[PDB]
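K.L.:
There are 4 protein chains.
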Amino acid sequence: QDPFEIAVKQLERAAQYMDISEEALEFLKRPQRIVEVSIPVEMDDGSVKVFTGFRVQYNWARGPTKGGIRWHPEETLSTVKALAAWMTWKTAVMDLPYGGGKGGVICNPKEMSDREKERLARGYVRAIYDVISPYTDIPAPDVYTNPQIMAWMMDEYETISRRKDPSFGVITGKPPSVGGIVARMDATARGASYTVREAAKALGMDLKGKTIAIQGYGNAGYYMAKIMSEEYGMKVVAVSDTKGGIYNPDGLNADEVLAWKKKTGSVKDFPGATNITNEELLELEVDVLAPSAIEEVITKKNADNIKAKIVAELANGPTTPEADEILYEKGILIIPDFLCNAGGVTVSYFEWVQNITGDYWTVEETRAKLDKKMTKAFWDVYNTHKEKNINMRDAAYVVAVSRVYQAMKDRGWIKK
Amino acid sequence: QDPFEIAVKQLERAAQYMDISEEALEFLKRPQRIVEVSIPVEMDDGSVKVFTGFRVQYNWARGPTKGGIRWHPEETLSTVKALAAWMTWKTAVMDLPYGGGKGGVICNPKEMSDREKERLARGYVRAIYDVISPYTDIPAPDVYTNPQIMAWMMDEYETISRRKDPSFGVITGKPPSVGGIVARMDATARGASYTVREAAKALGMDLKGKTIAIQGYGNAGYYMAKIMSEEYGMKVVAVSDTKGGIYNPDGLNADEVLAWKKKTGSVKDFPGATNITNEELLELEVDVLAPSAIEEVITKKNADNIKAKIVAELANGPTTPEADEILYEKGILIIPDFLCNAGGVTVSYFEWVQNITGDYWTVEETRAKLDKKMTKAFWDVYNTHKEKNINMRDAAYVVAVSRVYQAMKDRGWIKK
Amino acid sequence: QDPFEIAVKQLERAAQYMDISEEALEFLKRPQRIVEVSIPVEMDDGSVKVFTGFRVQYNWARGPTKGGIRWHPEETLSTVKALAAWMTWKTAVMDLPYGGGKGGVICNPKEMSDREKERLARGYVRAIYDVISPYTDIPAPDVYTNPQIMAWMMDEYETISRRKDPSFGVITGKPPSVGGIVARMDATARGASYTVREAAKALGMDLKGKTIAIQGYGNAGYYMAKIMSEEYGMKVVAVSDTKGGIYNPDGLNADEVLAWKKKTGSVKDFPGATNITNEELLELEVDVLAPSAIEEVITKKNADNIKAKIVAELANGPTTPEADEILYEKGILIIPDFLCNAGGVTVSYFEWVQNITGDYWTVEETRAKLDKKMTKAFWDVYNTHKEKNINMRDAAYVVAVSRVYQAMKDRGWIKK
Amino acid sequence: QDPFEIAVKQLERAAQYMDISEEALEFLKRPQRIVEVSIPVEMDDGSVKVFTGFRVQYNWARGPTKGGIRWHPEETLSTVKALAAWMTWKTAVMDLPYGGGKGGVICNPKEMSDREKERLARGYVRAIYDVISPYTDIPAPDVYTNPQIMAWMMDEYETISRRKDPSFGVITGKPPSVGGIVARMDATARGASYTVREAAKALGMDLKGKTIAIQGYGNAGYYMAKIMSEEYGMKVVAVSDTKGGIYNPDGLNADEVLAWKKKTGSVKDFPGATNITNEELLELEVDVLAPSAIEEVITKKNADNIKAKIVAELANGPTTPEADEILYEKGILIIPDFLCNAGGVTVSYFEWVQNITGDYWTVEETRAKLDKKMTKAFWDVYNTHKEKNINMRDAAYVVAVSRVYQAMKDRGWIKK
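Residue numbers (the entry's author numbering), protein chains in the order written: chain F, 3 to 418; chain A, 3 to 418; chain B, 3 to 418; chain E, 3 to 418.
As structure tokens, this is what we get:
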């Protein structure tokens, strides 16, 4: 289905950049396992309503599959399969010991009691219990799920598993009271702060003094802002939200802007600052550009106007194939999302290790370990893009895919 | 899909005839669990080929799900989802401590070597292992599957189960050398005869000397012929097949016939028997009509021409809805398929029992248990329709869907 | 080795009387699994002593392996290997759902306190626990082990299994207080009579008023004596023991003889009776000759002096091959031990079914089923011996090994 | 058996240097568990051929048993029991949390195709599955087995295990695409060098600029040469191979030497270097000597001509007991094999640690620990040598055997 169909293509295109049997391609083109279940839920009004959820375990050749759970009224399998495939390249490029998986339920949390959300989380686990474990498949939070939901879900598992395993490790995005971890607050942006630093290096450029413009002012946007300016000494001249951007040559203060938005509801009309549009933002003359909100914000239409040296993809899919070629030719360094925003998944892996080892780390320890991980994944991609003459996004899928190809071979899943 | 769709709207129509919640109905409108997997197989040519299969566990309120595995190049989940629902109403009417399930693989058996197939049978199991046990889900042979393939499936199960359970009972239609049973050759026809026999009873009639025309001369028809005439003293006046049929008001001799066709290739041109057509046969003037070949062969078109005292549905969906209603006012007793041809699964239950208890029975024993079973089911249905003034098929679903509704209710799956 | 080597030869030979692959042959010339253990035991003198035990599971293609455990100071793996193979042909011919196994520990049960043996019994179990279960491997008592011993074994088991399975069923030969059954007392002699009953028909002869001479007066002998006379109305003109025999054409009374021996230590000097040697008894001119004491009593040297119609081997290996021929071409009906004396292994299987089903039968039921089972097996072999012009012993191996052959095939362990 | 026998004596002689119960002795004199299976394999020609393999779990008092698998046509159980015994002292001396075990299959890799060796690795596993686990028994590569065979093994385990545990940790020497590691390549030569440092220290000597001679030039020999000279600053004055040696006072350049051997076929004739025989090598006048190829090269015969300060045993069994006392008397530091060559097993435990915790370390981290572990182990052995005043080989065995003794005492396996 379209969403999946798009995924395969992504894949089918990268092969061309590498040596890989067809036995392989054929395998890597369908998910290893799909589970589809009916979850009867008792609604507040005493009525029992049946939902439909999925869990897809795409490929586990490299490790147990990692992947979040989504709650969404317009959810579909294809979507789930497609996103499962994706995690797969994600974990691989990051070189973690996991395969990729993903789940979803077709429901409207927005019309749900806290108590009806608890019973759906429980029903999910009761339904797909037989394919999850701390060593088989480890979920986590996605669209419309959060730590609270994770905990109810861990809790129902222990009740079934009866504690004969490291129960806290069957799922991540947990609240700290139960094996969850801090450091997970800034992960994505923080992780993203490390590629950029590296990216700078590549271009033999020093960040201090440089400029950044961030589209979107949420967690990522908020944190990416605080960090780049605080730790890297960059100038945050532009930030933006759902309602407009505000520009300032002298550099904004994330905490201040944050307060305004939190009291005013928007970053817009922030005193001392000029109001601007979002498209305006994309087209600024800044060193780094961090699209951290929505997708397809950079297209053939605008691709031509982007004046950033580095385009940091914190959100998923801001850029388009078309926009891809132009920015390449144009000479702009792009940190594909799935490499740029992978500190999320990385930390999650850091959480699992702590749950299974029973040993808890300090934030510092945890940040150090995150840096290393990102630091390598980048160079790994960059160097490949150079050598093979392909953009970072193509480079990235080549790094990813081969890793899965090898493992599949070593196990003898395919002979060649 | 269509097929599923079809199936579903057959449930909705019978609903009309009974008192059942909408909680129940919605519930019974979806399978509880579906597993879809890709099974990599090593070709006899050192190539690895990924295949696609499903196991769908519809409903297990009344006991473990029981159902066959189909190997076909035109197979689809929708078909599997649909037959799995069917299996679910079959066991219930039959009153087996089972639920309904089905499986399928998309592959062309015909161009596969014995070795390739063993590798397929084994991979299936290695893939859906986690959801099968002698207590969870118990497969059986279906289209393009048989007792050898079953043996291979049971064997790889034992190897993973490590023999910590009653492994012979994890699948049915097994070769006697391995928990298999012999009463299994004439089960479908043997089970049908009992209903005809009980059918005759209600119809204040005696089949001795009575006539019967049978559509199709495969296993079921051959044996239907054989027994009816042989244990009952009926007059097979015509048989019929793929190509055409044979008439003889004096009584054909099945065995003779079978030879001919075996030697001949068809039941066509038999000595001393006049040639005729399939359609001719249906409107033939006999006391019993046993369509045992294909789908829809009794429709609105000919419905009025059927002059049978009794129509024994041996095949899957031979008659039709409006065809259904005409024969009804006309006063014709129809033995709805899932009840009529259910002996085969009733016998496979008998097999599972023996497997679980280590205690093996005698054909005579087995038979007496079949009869007993076939009988009550018949009656159970007969009285429902009488009392509720509806058609047998309608009455069947009623008795069927009724027992499944009770069970989920008692489990608390649905509150009313 | 020796007894093993001998064993294997036994095999190869009968092969020649049948059609079978070398794949197969080669497969049946070795046990699938052998386990050898070191068992620390706490002696009564405060010192720990390591013993050495084994369990050998020869072939489990037809079901879980069944076989006793021997406690002997002169025990060796070979002996064990060799009897496990024998256990294999015994179940097949008895047509049981069992494979074949045997176990053994090297020790002197005679210098052992009751407490030391218990600690040994529990250690064996704590040692080979990972490969036994009521669905995997089911021991029983053999040389120097008994019910007391089985219970101690059964108990340790439950203690490890945690009662998560039909625990009483993991081992046979138990006291009635825990799953033991009662018809087990005269089983071996009882099952032997049935065969004697059937053989007398094969010969067209009414045993009533006929004669039987029994070599050995143990439980087996005593019961054979008791039954054949009381139930089949025969005359026991001679019985015998460790020290000598007694003769009396008018026929003896099994009980009277038994009490003398108890009070007197031997059958010798029994009143009214005539004293004779064992050899004499062997050469008596009786209808039925029941050798139930030791092997190699019927040799090349005396096969010519044997004058019985039927030679009922209650004992294990009383006749030899060389004696085999002579007695064959001489026209004597020999009932192979392994069929003749399978009454014990049969009722044992009857014990397991009641343990796993939780249903327990009466003595009359059990006996009922025991006769049906023995009867068939006789005729199976009888008919085979007729058809191929071979001797019961050779017939027997043919039936057994063929049966294990089909199963390994159906499972695809070997492909031809 | 001769080889097992030899081992037993090896131990009994160490007894003599320490206080050990006799209860302990006898326990240690036998392996706790031996399993022997018949493994049917589908030959490339369509025939099935049954192979024979074993796994020997010697003693687990200190942890789960660690030990390689050997593929070889002249393999014997006793060789196996013997090596397992050996594994047992090697882990204890290293103070690793394991017992010792060994496995082996009788076959000729060297006429098996890759598809046959895969069907072979897989069947091993399917066979001894019940006694292996990442917590129970952890195999590894040995004679004629490599990371690829490990991976095939790990895979079938996962297929049986169902991923309910840290599947990557049930076996070591894995390819990195699946739990394997690096820093595993120079493990042996690298571990050996730390002990060589320590010694130097014991001796008060400073290695920079001292001389070393290596008998043998394979991986270890090659690696020993690169390391001592590059990291320690030593002069490699002679190396030698299967055919002969070469000598040169200024120092050889290991890479230059290796290419020459690689392109040429031997170290013989290396340009600018003098040729010498192996024996002359041994009696060379160097500070350090490193026999790293074949056994019994140091005998009563030449023991007297050894002129080195330290004898680093990279090979197994290069010095005899006889040569053992002469050298000892002469005052030469000998670093025993099983201690000196332990950097391999050590690094194999490091892999298991990473597999079980999901955390993968850096080479520098890995090296940090190896150093530590070998360092400690060296001194534990040394210090027992001066103390009890015995030879390193004797001293290592005491430390080993004592450790195993305490544990069996602390568990109550034996009472004193």
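For every residue, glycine included, the Cβ atom is placed at its ideal position computed from N, Cα and C.
Could you tell me which residues DSSP puts in a beta bridge with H74 (chain B)?
P.N.:
B:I108
K.L.:
Just the Cα atoms here: how many angstroms apart are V365 (chain E) and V184 (chain E)?
P.N.:
Approximately 7 angstroms between the Cα atoms of the pair.
K.L.:
I want to verify the contact list: residues of chain A whose CB lies under 9 angstroms from the CB of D208 (chain F), in sequence order.
P.N.:
Going along chain A, no residue has its Cβ under 9 angstroms from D208 (chain F), so there is no contact; the nearest lies around 50 angstroms.
K.L.:
For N277 (chain F), which residues of its own chain have a beta-carbon under 8 angstroms away from its beta-carbon, when the five flanking residues on both sides are left out?
P.N.:
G246, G247, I248, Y249, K270, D271
K.L.:
Check the Cβ-Cβ distances between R128 (chain E) and every residue of chain F, and say whether any is below 8 angstroms.
P.N.:
Taking 8 angstroms as the threshold, the shortest C-beta distance from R128 (chain E) to chain F does not fall below it.
K.L.:
Does DSSP put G175 (chain F) in a helix, in a strand, or in coil?
P.N.:
coil
K.L.:
Check whether the Cβ atoms of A84 (chain B) and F29 (chain B) lie closer than 8 angstroms to each other.
P.N.:
Taking 8 angstroms as the Cβ cut-off, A84 (chain B) and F29 (chain B) do not qualify as a contacting pair.
K.L.:
In angstroms, rounded to a whole number, what distance separates the CA positions of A142 (chain E) and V347 (chain E)?
P.N.:
9 angstroms
K.L.:
Can you give me the C-alpha to C-alpha distance between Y100 (chain B) and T67 (chain B), rounded to a whole angstrom?
P.N.:
5 angstroms
K.L.:
In its own chain, which residues sit with a C-beta less than 8 angstroms from the C-beta of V400 (chain B), not counting the 5 before and 5 after it?
P.N.:
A16, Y19, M20, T386, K390, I392
K.L.:
Under a CB-based cut-off of 8 angstroms, is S231 (chain A) close to chain B?
P.N.:
no
K.L.:
Can you tell me whether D139 (chain E) is helix, strand or coil according to DSSP?
P.N.:
For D139 (chain E), the three-state secondary structure derived from DSSP is strand.
K.L.:
Taking beta-carbon pairs under 9 angstroms, can you tell me which members of the region 38-56 of chain F lie near chain A?
P.N.:
Within the region 38-56 of chain F, the qualifying residues are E38, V39, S40, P42, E44, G48, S49, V50, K51, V52, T54.
K.L.:
Starting from the N-terminal side, write out each stretch of the alpha helix (DSSP H) that is 4 residues or longer and does not extend beyond the region 190-265 of chain A.
P.N.:
221-229
K.L.:
Would you call the region 163-170 of chain F in contact with the region 124-141 of chain F, where contact means no fewer than 3 C-beta pairs closer than 8 angstroms?
P.N.:
Three or more beta-carbon pairs separated by less than 8 angstroms link the region 163-170 of chain F to the region 124-141 of chain F, which places the two stretches in contact.
K.L.:
Can you tell which of F:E285, F:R128, F:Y407, F:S195 has its C-alpha closest to the C-alpha of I162 (chain F)?
P.N.:
F:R128
K.L.:
Using 8 angstroms as the cut-off, can you tell me whether the region 363-379 of chain E makes contact with the region 189-199 of chain E, which would need three or more C-beta pairs spanning the two stretches below that distance?
P.N.:
They touch, by the three-pair rule.
K.L.:
For the alpha helix (DSSP H) containing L30 (chain A), name the first residue and the last one.
P.N.:
Unbroken run through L30 (chain A): none, as it is neither H nor E.
K.L.:
Check the DSSP bridge columns for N277 (chain F) and list the partner residues they point to.
P.N.:
F:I248
K.L.:
At which residues does the beta strand (DSSP E) containing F56 (chain F) begin and terminate?
P.N.:
50-61
K.L.:
Which two residues bound the contiguous beta strand (DSSP E) that contains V290 (chain F)?
P.N.:
Taken as a continuous stretch (DSSP letters only), the beta strand (DSSP E) holding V290 (chain F) covers 290-293.
K.L.:
What residues of chain E sit near residue 421 (chain B), judged by a beta carbon separation below 7 angstroms?
P.N.:
Lying before the first or after the last residue shown, residue 421 (chain B) is absent from chain B, which here runs from 3 to 418.
K.L.:
For the region 14-36 of chain A, enumerate the residues whose C-beta is nearer than 8 angstroms to any C-beta of chain F, in chain order.
P.N.:
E25, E28, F29, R32, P33, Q34, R35, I36
K.L.:
What I want to know is whether the C-beta of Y196 (chain B) ends up closer than 7 angstroms to one or more non-hydrogen atoms of the ligand GTP.
P.N.:
The ligand content of the structure shown is nil, which means the ligand GTP is not present either.
K.L.:
Compare the C-alpha of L27 (chain F) against each of A:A398, A:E285, A:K51, A:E200 and name the closest.
P.N.:
Residue nearest to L27 (chain F) within the set A:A398, A:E285, A:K51, A:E200 is A:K51 (criterion: CA-CA distance).
K.L.:
Any Cβ of chain F within less than 8 angstroms of the Cβ of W88 (chain A)?
P.N.:
no
K.L.:
Sort B:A63, B:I22, B:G48, B:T54 by Cα distance to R35 (chain B) and report the nearest one.
P.N.:
B:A63
K.L.:
Counting contacts by CB-CB distance shorter than 8 angstroms, is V180 (chain E) in contact with chain G?
P.N.:
In the structure shown, chain G does not exist; the protein chains are F, A, B and E.
K.L.:
Excluding the 5 residues preceding and the 5 following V288 (chain E) in the sequence, name in chain order all residues of the same chain whose CB lies nearer than 7 angstroms to its CB.
P.N.:
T213, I214, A215, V239, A310
K.L.:
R128 (chain A) lies in the beta strand (DSSP E); which residues open and close that run?
P.N.:
Boundaries around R128 (chain A) are those of the alpha helix (DSSP H), 116-130, since no beta strand (DSSP E) includes it.
K.L.:
For residue 1 (chain B) and chain E, any beta-carbon pair shorter than 8 angstroms?
P.N.:
Nothing about residue 1 (chain B) can be read from this structure; chain B reaches only from 3 to 418.
K.L.:
For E44 (chain B), name the three-state secondary structure that DSSP assigns.
P.N.:
If DSSP states are grouped into helix, strand and coil, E44 (chain B) belongs with the strands.
K.L.:
Could you name the residues of the same chain whose beta carbon sits closer than 8 angstroms to that of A86 (chain E), not counting the 5 residues immediately before and after it, in chain order?
P.N.:
Short of 8 angstroms from the beta carbon of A86 (chain E), and not among the five residues preceding or following it, lie these beta carbons of its own chain, in chain order: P33, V58, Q59, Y60, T67, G69, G102, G103, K104.
K.L.:
Is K264 (chain F) near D243 (chain F), with beta carbons less than 8 angstroms apart?
P.N.:
no
K.L.:
In the structure shown, what three-state DSSP assignment does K11 (chain F) receive?
P.N.:
helix
K.L.:
Using a C-beta cutoff of 8 angstroms, does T161 (chain A) count as contacting chain E?
P.N.:
yes
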